[PDB]
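Here is the structure we will look at, set down as structure tokens.
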Amino acid sequence: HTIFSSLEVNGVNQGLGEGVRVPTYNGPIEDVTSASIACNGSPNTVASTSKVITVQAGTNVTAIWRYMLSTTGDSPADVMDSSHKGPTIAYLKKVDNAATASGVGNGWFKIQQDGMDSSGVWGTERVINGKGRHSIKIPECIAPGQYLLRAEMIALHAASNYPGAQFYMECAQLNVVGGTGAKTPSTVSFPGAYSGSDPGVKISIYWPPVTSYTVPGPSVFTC
Ligand SMILES: *[C@@H]1O[C@H](CO)[C@@H](O[C@@H]2O[C@H](CO)[C@@H](O)[C@H](O)[C@H]2NC(C)=O)[C@H](O)[C@H]1NC(C)=O
Ligand SMILES: [Cu+2]
């Protein structure tokens, strides 16, 4: 249980729920076929926000994950339970109006992922033990304009069968300036990109112990 509840841009936190569509509750989505897998949703309640955050293409933004909306610390238990091992992932989607677009449907492309490294340490553990900071590079080569940023953590501790995997995601509202437009990504849909049979979704992480992990979704877009 965790919530991406604020974004840091050019080293400044943009505010709780400011430009990030936050749910009231910190529980996961489990149904990968639900429209809620795009930017969270039912049976949670997601707030709207009128703020659209300007970012420079080619810089990093940092998603800040916290246990609850009202959490004030940054220790491990203030981010997410240590049982919740899995990847961190981030996607962008070009939209005409980031304050109103729903996120559901086609247009997503993956820009960041951190699965399990050669030492057996998961992406979520780096966020839990790194003060909740999930750093994401906005590619320099995309078209300028309005985008949704979908940041995600997947917890796989209870994922031996499907349903089981726990998807935690929120969408931030961006205005990307300075992109060169040199490269057009191939895109996927949410729902659609993840399936309940994917090897990174239906997985027993302890028994037998996994040595490699395949992050779900498409390959990372690079310039
Ligand atoms: C910007 O975000 C990217 C991810 O989108 C970060 O790149 C990773 O950095 C770690 C080191 O901390 C490496 O182990 C990974 O190989 C990097 N991934 C990629 C795709 O390069 C990058 O560190 C971030 N930059 C800043 C300044 O925070
Ligand atoms: Cu949880």
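Lettering and numbering for the structure tokens are positional, with chains as A, B, ... in the shown order, residues counted from 1 in each chain, and ligands counted from 1 in the shown order.
Every protein or nucleic acid residue with an atom no more than 8 Å from residue 79 of chain A, counting only C-alpha atoms and leaving out same-chain residues fewer than 5 positions away, appears here: residues 2, 65, 66, 67, 74, 127, 128, 131 and 132 of chain A.
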Export of the given selection (N, CA and C atoms) as a PDB file, in the first residue's frame:
ATOM      1  N   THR A   2       0.624   2.120  -0.969  1.00  0.00           N
ATOM      2  CA  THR A   2       1.475   3.262  -1.252  1.00  0.00           C
ATOM      3  C   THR A   2       0.727   4.133  -2.256  1.00  0.00           C
ATOM      4  N   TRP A  65       6.749   8.700  -3.485  1.00  0.00           N
ATOM      5  CA  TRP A  65       5.827   7.692  -2.999  1.00  0.00           C
ATOM      6  C   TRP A  65       5.766   7.749  -1.471  1.00  0.00           C
ATOM      7  N   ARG A  66       4.537   7.653  -0.952  1.00  0.00           N
ATOM      8  CA  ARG A  66       4.301   7.678   0.481  1.00  0.00           C
ATOM      9  C   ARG A  66       3.227   6.683   0.832  1.00  0.00           C
ATOM     10  N   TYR A  67       3.257   6.221   2.082  1.00  0.00           N
ATOM     11  CA  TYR A  67       2.282   5.203   2.499  1.00  0.00           C
ATOM     12  C   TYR A  67       0.822   5.671   2.371  1.00  0.00           C
ATOM     13  N   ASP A  74       9.752  10.027   5.733  1.00  0.00           N
ATOM     14  CA  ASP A  74      10.323   9.403   4.562  1.00  0.00           C
ATOM     15  C   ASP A  74      11.119   8.151   4.932  1.00  0.00           C
ATOM     16  N   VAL A 127      13.227   2.279  -3.972  1.00  0.00           N
ATOM     17  CA  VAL A 127      12.350   3.378  -3.605  1.00  0.00           C
ATOM     18  C   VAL A 127      12.067   3.368  -2.106  1.00  0.00           C
ATOM     19  N   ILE A 128      11.722   2.204  -1.537  1.00  0.00           N
ATOM     20  CA  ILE A 128      11.441   2.115  -0.098  1.00  0.00           C
ATOM     21  C   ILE A 128      12.612   2.640   0.721  1.00  0.00           C
ATOM     22  N   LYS A 131      13.967   7.013   0.455  1.00  0.00           N
ATOM     23  CA  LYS A 131      13.094   8.120   0.853  1.00  0.00           C
ATOM     24  C   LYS A 131      11.905   8.285  -0.125  1.00  0.00           C
ATOM     25  N   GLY A 132      11.518   7.197  -0.807  1.00  0.00           N
ATOM     26  CA  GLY A 132      10.343   7.231  -1.637  1.00  0.00           C
ATOM     27  C   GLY A 132      10.582   7.856  -2.981  1.00  0.00           C
TER      28      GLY A 132
END
Protein and nucleic residues near ligand 1, 10 Å, only C-alpha atoms and all ligand atoms, as number ranges by chain: A: 58-62, 89-90, 110-114, 117, 126, 133-139, 220-222
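Take the candidates A:184, A:83, A:160, A:5 and check each one against ligand 2 using only C-alpha atoms and all ligand atoms; the shortest distance goes to A:83.
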Filtered DSSP result for segment 34-203 of chain A, state strand (DSSP E), as a PyMOL selection string: chain A and resi 53-56+60-66+88-94+105-114+133-137+145-155+166-177+188-190
Contacts with ligand 2 at most 9 Å, only C-alpha atoms and all ligand atoms counted, listed as an MDAnalysis selection string: chainID A and resid 1:2 26:28 67 80:81 83:84 155 166 168
Straight-line distance linking atom CA of residue 106 of chain A with atom CA of residue 196 of chain A, stated in Å to one decimal: 18.9 Å
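Excluding residue 54 of chain A itself and same-chain residues fewer than 2 positions from it, the residues having an atom within 12 Å of it are residues 7, 8, 9, 10, 14, 19, 51, 52, 56, 57, 59, 61, 98, 138, 144, 145, 146, 147, 148, 172, 173, 174, 175, 176, 177 and 178 of chain A, counting only C-alpha atoms.
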Residues from last step as file, C-alpha atoms, as an mmCIF file, in the first residue's frame:
data_model
loop_
_atom_site.group_PDB
_atom_site.id
_atom_site.type_symbol
_atom_site.label_atom_id
_atom_site.label_comp_id
_atom_site.auth_asym_id
_atom_site.auth_seq_id
_atom_site.Cartn_x
_atom_site.Cartn_y
_atom_site.Cartn_z
ATOM 1 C CA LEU A 7 6.214 15.270 -8.076
ATOM 2 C CA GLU A 8 9.576 16.966 -7.805
ATOM 3 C CA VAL A 9 10.661 19.019 -10.839
ATOM 4 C CA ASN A 10 13.923 21.084 -11.089
ATOM 5 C CA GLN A 14 5.181 20.761 -6.679
ATOM 6 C CA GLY A 19 -0.610 18.028 -10.783
ATOM 7 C CA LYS A 51 -2.368 22.029 -12.293
ATOM 8 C CA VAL A 52 -0.257 21.110 -15.299
ATOM 9 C CA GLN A 56 12.027 20.373 -19.791
ATOM 10 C CA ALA A 57 12.535 17.444 -22.109
ATOM 11 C CA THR A 59 15.552 16.266 -17.470
ATOM 12 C CA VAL A 61 11.424 14.283 -12.582
ATOM 13 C CA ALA A 98 -3.595 16.929 -19.545
ATOM 14 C CA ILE A 138 11.755 12.575 -19.681
ATOM 15 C CA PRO A 144 6.575 18.940 -27.037
ATOM 16 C CA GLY A 145 3.083 19.188 -25.668
ATOM 17 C CA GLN A 146 0.816 17.886 -22.945
ATOM 18 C CA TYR A 147 1.399 14.414 -21.527
ATOM 19 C CA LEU A 148 0.221 12.165 -18.763
ATOM 20 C CA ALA A 172 0.708 13.292 -13.283
ATOM 21 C CA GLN A 173 -0.157 16.107 -15.693
ATOM 22 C CA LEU A 174 2.800 17.504 -17.662
ATOM 23 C CA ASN A 175 3.585 20.174 -20.214
ATOM 24 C CA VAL A 176 6.796 19.017 -21.864
ATOM 25 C CA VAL A 177 8.836 21.866 -23.363
ATOM 26 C CA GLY A 178 11.951 21.638 -25.441
#
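Proximity to residue 211 of chain A was assessed for A:121, A:37, A:193, A:16 counting only C-alpha atoms; the smallest distance is recorded for A:121.
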Residue contacts of residue 31 of chain A (12 Å, only C-alpha atoms) excluding same-chain residues fewer than 3 positions away, as a list in words: residues 28, 34, 35, 36, 37, 38, 40, 41, 42, 43, 162, 163, 164, 165, 166, 167, 168, 190, 191, 192, 194, 195, 196 and 201 of chain A
Mind writing the picked residues with N, CA and C atoms as a PDB file, in the first residue's frame?
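Listed below is the output, again.pdb:
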ATOM      1  N   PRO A  28      -4.296  -1.327  -3.750  1.00  0.00           N
ATOM      2  CA  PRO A  28      -3.940  -1.601  -5.138  1.00  0.00           C
ATOM      3  C   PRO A  28      -5.110  -1.892  -6.049  1.00  0.00           C
ATOM      4  N   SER A  34      -9.257  -3.940 -16.005  1.00  0.00           N
ATOM      5  CA  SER A  34     -10.063  -2.821 -15.591  1.00  0.00           C
ATOM      6  C   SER A  34      -9.528  -1.497 -16.146  1.00  0.00           C
ATOM      7  N   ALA A  35     -10.441  -0.575 -16.474  1.00  0.00           N
ATOM      8  CA  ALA A  35     -10.041   0.766 -16.864  1.00  0.00           C
ATOM      9  C   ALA A  35      -9.216   1.460 -15.794  1.00  0.00           C
ATOM     10  N   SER A  36      -9.373   1.056 -14.524  1.00  0.00           N
ATOM     11  CA  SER A  36      -8.616   1.607 -13.412  1.00  0.00           C
ATOM     12  C   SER A  36      -7.139   1.326 -13.488  1.00  0.00           C
ATOM     13  N   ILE A  37      -6.687   0.398 -14.319  1.00  0.00           N
ATOM     14  CA  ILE A  37      -5.252   0.148 -14.407  1.00  0.00           C
ATOM     15  C   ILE A  37      -4.518   1.314 -15.060  1.00  0.00           C
ATOM     16  N   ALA A  38      -5.189   2.173 -15.845  1.00  0.00           N
ATOM     17  CA  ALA A  38      -4.495   3.282 -16.480  1.00  0.00           C
ATOM     18  C   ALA A  38      -4.013   4.322 -15.466  1.00  0.00           C
ATOM     19  N   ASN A  40      -5.422   4.642 -12.075  1.00  0.00           N
ATOM     20  CA  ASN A  40      -6.138   4.294 -10.871  1.00  0.00           C
ATOM     21  C   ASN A  40      -7.627   4.638 -11.076  1.00  0.00           C
ATOM     22  N   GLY A  41      -8.449   4.342 -10.115  1.00  0.00           N
ATOM     23  CA  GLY A  41      -9.898   4.495 -10.250  1.00  0.00           C
ATOM     24  C   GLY A  41     -10.635   3.483  -9.380  1.00  0.00           C
ATOM     25  N   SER A  42     -11.900   3.274  -9.761  1.00  0.00           N
ATOM     26  CA  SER A  42     -12.798   2.407  -9.026  1.00  0.00           C
ATOM     27  C   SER A  42     -12.131   1.063  -8.733  1.00  0.00           C
ATOM     28  N   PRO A  43     -12.286   0.516  -7.509  1.00  0.00           N
ATOM     29  CA  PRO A  43     -13.180   1.002  -6.465  1.00  0.00           C
ATOM     30  C   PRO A  43     -12.596   2.065  -5.538  1.00  0.00           C
ATOM     31  N   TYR A 162      -2.914 -15.565 -10.335  1.00  0.00           N
ATOM     32  CA  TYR A 162      -3.580 -14.373 -10.793  1.00  0.00           C
ATOM     33  C   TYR A 162      -5.076 -14.543 -10.589  1.00  0.00           C
ATOM     34  N   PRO A 163      -5.756 -13.605  -9.905  1.00  0.00           N
ATOM     35  CA  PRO A 163      -5.250 -12.322  -9.392  1.00  0.00           C
ATOM     36  C   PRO A 163      -4.332 -12.516  -8.215  1.00  0.00           C
ATOM     37  N   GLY A 164      -3.429 -11.561  -7.997  1.00  0.00           N
ATOM     38  CA  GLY A 164      -2.448 -11.654  -6.954  1.00  0.00           C
ATOM     39  C   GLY A 164      -1.542 -10.458  -6.936  1.00  0.00           C
ATOM     40  N   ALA A 165      -0.980 -10.178  -8.104  1.00  0.00           N
ATOM     41  CA  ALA A 165      -0.130  -9.009  -8.265  1.00  0.00           C
ATOM     42  C   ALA A 165      -0.891  -7.758  -7.887  1.00  0.00           C
ATOM     43  N   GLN A 166      -0.172  -6.816  -7.254  1.00  0.00           N
ATOM     44  CA  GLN A 166      -0.797  -5.591  -6.745  1.00  0.00           C
ATOM     45  C   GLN A 166      -0.201  -4.398  -7.453  1.00  0.00           C
ATOM     46  N   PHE A 167      -1.027  -3.699  -8.210  1.00  0.00           N
ATOM     47  CA  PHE A 167      -0.583  -2.583  -9.053  1.00  0.00           C
ATOM     48  C   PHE A 167      -0.901  -1.284  -8.339  1.00  0.00           C
ATOM     49  N   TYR A 168       0.098  -0.435  -8.131  1.00  0.00           N
ATOM     50  CA  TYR A 168      -0.046   0.890  -7.506  1.00  0.00           C
ATOM     51  C   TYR A 168       0.405   1.925  -8.526  1.00  0.00           C
ATOM     52  N   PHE A 190      -3.641   0.906 -22.057  1.00  0.00           N
ATOM     53  CA  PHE A 190      -4.041   0.504 -20.706  1.00  0.00           C
ATOM     54  C   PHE A 190      -5.533   0.732 -20.579  1.00  0.00           C
ATOM     55  N   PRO A 191      -6.313  -0.317 -20.304  1.00  0.00           N
ATOM     56  CA  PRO A 191      -5.930  -1.729 -20.232  1.00  0.00           C
ATOM     57  C   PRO A 191      -5.504  -2.287 -21.581  1.00  0.00           C
ATOM     58  N   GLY A 192      -4.691  -3.339 -21.510  1.00  0.00           N
ATOM     59  CA  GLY A 192      -4.331  -4.141 -22.671  1.00  0.00           C
ATOM     60  C   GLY A 192      -2.886  -4.593 -22.646  1.00  0.00           C
ATOM     61  N   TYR A 194      -0.834  -5.318 -20.140  1.00  0.00           N
ATOM     62  CA  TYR A 194      -0.570  -6.345 -19.152  1.00  0.00           C
ATOM     63  C   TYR A 194      -1.627  -7.423 -19.256  1.00  0.00           C
ATOM     64  N   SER A 195      -1.204  -8.657 -19.085  1.00  0.00           N
ATOM     65  CA  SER A 195      -2.137  -9.758 -19.013  1.00  0.00           C
ATOM     66  C   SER A 195      -1.875 -10.562 -17.738  1.00  0.00           C
ATOM     67  N   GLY A 196      -2.899 -11.259 -17.267  1.00  0.00           N
ATOM     68  CA  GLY A 196      -2.804 -12.065 -16.067  1.00  0.00           C
ATOM     69  C   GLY A 196      -1.903 -13.270 -16.196  1.00  0.00           C
ATOM     70  N   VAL A 201       3.828 -10.977 -14.082  1.00  0.00           N
ATOM     71  CA  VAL A 201       2.597 -10.711 -13.324  1.00  0.00           C
ATOM     72  C   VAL A 201       2.189 -11.921 -12.481  1.00  0.00           C
TER      73      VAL A 201
END
Test item: residues at most 7 Å from residue 205 of chain A, only C-alpha atoms, excluding those fewer than 4 positions along its chain, as number ranges by chain: A: 157, 209-210
Exercise: residue 87 of chain A partners within 9 Å, only C-alpha atoms, chain neighbours under 2 positions left out, as a PyMOL selection string: chain A and resi 85+89+113-116+122-125+152-156+213+215
For the residues in that selection, give me N, CA, C and O atoms as a PDB file, in the first residue's frame.
ATOM      1  N   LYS A  85       7.833  -6.457  -2.759  1.00  0.00           N
ATOM      2  CA  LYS A  85       8.905  -6.520  -3.724  1.00  0.00           C
ATOM      3  C   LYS A  85       8.388  -6.585  -5.147  1.00  0.00           C
ATOM      4  O   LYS A  85       7.470  -7.327  -5.464  1.00  0.00           O
ATOM      5  N   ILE A  89       8.120   1.318 -12.664  1.00  0.00           N
ATOM      6  CA  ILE A  89       7.884   1.509 -14.091  1.00  0.00           C
ATOM      7  C   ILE A  89       7.280   2.879 -14.312  1.00  0.00           C
ATOM      8  O   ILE A  89       6.619   3.429 -13.428  1.00  0.00           O
ATOM      9  N   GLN A 113      12.122   1.687 -16.257  1.00  0.00           N
ATOM     10  CA  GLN A 113      11.770   0.472 -15.518  1.00  0.00           C
ATOM     11  C   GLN A 113      12.976   0.042 -14.702  1.00  0.00           C
ATOM     12  O   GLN A 113      14.140   0.290 -15.084  1.00  0.00           O
ATOM     13  N   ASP A 114      12.694  -0.570 -13.567  1.00  0.00           N
ATOM     14  CA  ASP A 114      13.704  -1.086 -12.650  1.00  0.00           C
ATOM     15  C   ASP A 114      13.098  -2.343 -12.044  1.00  0.00           C
ATOM     16  O   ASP A 114      12.242  -2.245 -11.164  1.00  0.00           O
ATOM     17  N   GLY A 115      13.537  -3.534 -12.536  1.00  0.00           N
ATOM     18  CA  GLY A 115      13.003  -4.803 -12.130  1.00  0.00           C
ATOM     19  C   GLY A 115      13.835  -5.416 -11.017  1.00  0.00           C
ATOM     20  O   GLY A 115      13.797  -4.950  -9.884  1.00  0.00           O
ATOM     21  N   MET A 116      14.561  -6.501 -11.288  1.00  0.00           N
ATOM     22  CA  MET A 116      15.412  -7.120 -10.277  1.00  0.00           C
ATOM     23  C   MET A 116      16.814  -7.097 -10.861  1.00  0.00           C
ATOM     24  O   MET A 116      16.995  -7.381 -12.040  1.00  0.00           O
ATOM     25  N   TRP A 122      15.192  -5.584  -5.766  1.00  0.00           N
ATOM     26  CA  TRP A 122      14.098  -5.105  -6.610  1.00  0.00           C
ATOM     27  C   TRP A 122      13.993  -3.572  -6.661  1.00  0.00           C
ATOM     28  O   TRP A 122      14.351  -2.843  -5.720  1.00  0.00           O
ATOM     29  N   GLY A 123      13.460  -3.094  -7.778  1.00  0.00           N
ATOM     30  CA  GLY A 123      13.182  -1.670  -7.909  1.00  0.00           C
ATOM     31  C   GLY A 123      12.421  -1.046  -6.746  1.00  0.00           C
ATOM     32  O   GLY A 123      12.731   0.063  -6.315  1.00  0.00           O
ATOM     33  N   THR A 124      11.388  -1.728  -6.240  1.00  0.00           N
ATOM     34  CA  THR A 124      10.639  -1.152  -5.138  1.00  0.00           C
ATOM     35  C   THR A 124      11.514  -0.980  -3.906  1.00  0.00           C
ATOM     36  O   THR A 124      11.273  -0.083  -3.089  1.00  0.00           O
ATOM     37  N   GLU A 125      12.478  -1.884  -3.704  1.00  0.00           N
ATOM     38  CA  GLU A 125      13.338  -1.749  -2.525  1.00  0.00           C
ATOM     39  C   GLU A 125      14.191  -0.501  -2.596  1.00  0.00           C
ATOM     40  O   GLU A 125      14.451   0.129  -1.562  1.00  0.00           O
ATOM     41  N   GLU A 152       4.369   3.767 -11.592  1.00  0.00           N
ATOM     42  CA  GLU A 152       3.831   2.519 -11.102  1.00  0.00           C
ATOM     43  C   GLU A 152       4.835   1.757 -10.277  1.00  0.00           C
ATOM     44  O   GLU A 152       6.014   1.673 -10.620  1.00  0.00           O
ATOM     45  N   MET A 153       4.355   1.139  -9.221  1.00  0.00           N
ATOM     46  CA  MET A 153       5.064   0.105  -8.491  1.00  0.00           C
ATOM     47  C   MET A 153       4.194  -1.135  -8.467  1.00  0.00           C
ATOM     48  O   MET A 153       2.978  -1.050  -8.240  1.00  0.00           O
ATOM     49  N   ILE A 154       4.738  -2.289  -8.747  1.00  0.00           N
ATOM     50  CA  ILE A 154       3.985  -3.533  -8.695  1.00  0.00           C
ATOM     51  C   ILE A 154       4.537  -4.376  -7.571  1.00  0.00           C
ATOM     52  O   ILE A 154       5.732  -4.687  -7.577  1.00  0.00           O
ATOM     53  N   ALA A 155       3.718  -4.785  -6.637  1.00  0.00           N
ATOM     54  CA  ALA A 155       4.148  -5.682  -5.571  1.00  0.00           C
ATOM     55  C   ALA A 155       3.783  -7.112  -5.910  1.00  0.00           C
ATOM     56  O   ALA A 155       2.641  -7.396  -6.283  1.00  0.00           O
ATOM     57  N   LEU A 156       4.777  -8.006  -5.839  1.00  0.00           N
ATOM     58  CA  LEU A 156       4.638  -9.370  -6.323  1.00  0.00           C
ATOM     59  C   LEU A 156       4.677 -10.412  -5.208  1.00  0.00           C
ATOM     60  O   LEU A 156       4.812 -11.616  -5.498  1.00  0.00           O
ATOM     61  N   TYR A 213      13.956 -11.506 -13.783  1.00  0.00           N
ATOM     62  CA  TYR A 213      12.589 -11.042 -13.825  1.00  0.00           C
ATOM     63  C   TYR A 213      12.361 -10.304 -15.126  1.00  0.00           C
ATOM     64  O   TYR A 213      13.155  -9.438 -15.473  1.00  0.00           O
ATOM     65  N   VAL A 215      10.094  -7.598 -16.708  1.00  0.00           N
ATOM     66  CA  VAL A 215       9.123  -6.542 -16.381  1.00  0.00           C
ATOM     67  C   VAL A 215       8.012  -6.594 -17.419  1.00  0.00           C
ATOM     68  O   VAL A 215       8.302  -6.630 -18.643  1.00  0.00           O
TER      69      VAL A 215
END
A:64, A:75, A:202, A:49 ranked by distance to residue 32 of chain A, top pick (using only C-alpha atoms): A:202
Which residue of A:129, A:72, A:171, A:109 approaches residue 48 of chain A most closely, using only C-alpha atoms: A:171
Alpha helix (DSSP H) positions in segment 9-206 of chain A, given as a ChimeraX atom specification: /A:36-39,123-128
Distance in Å - atom CA of residue 219 of chain A versus atom CA of residue 104 of chain A: 19.8 Å
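For residue 182 of chain A, the set of protein, DNA and RNA residues having any atom at most 10 Å away, when counting only C-alpha atoms and skipping those fewer than 6 positions along the same chain, is residues 140, 141, 142, 143 and 223 of chain A.
Between atom CA of residue 33 of chain A and atom CA of residue 197 of chain A the separation is 12.0 Å.
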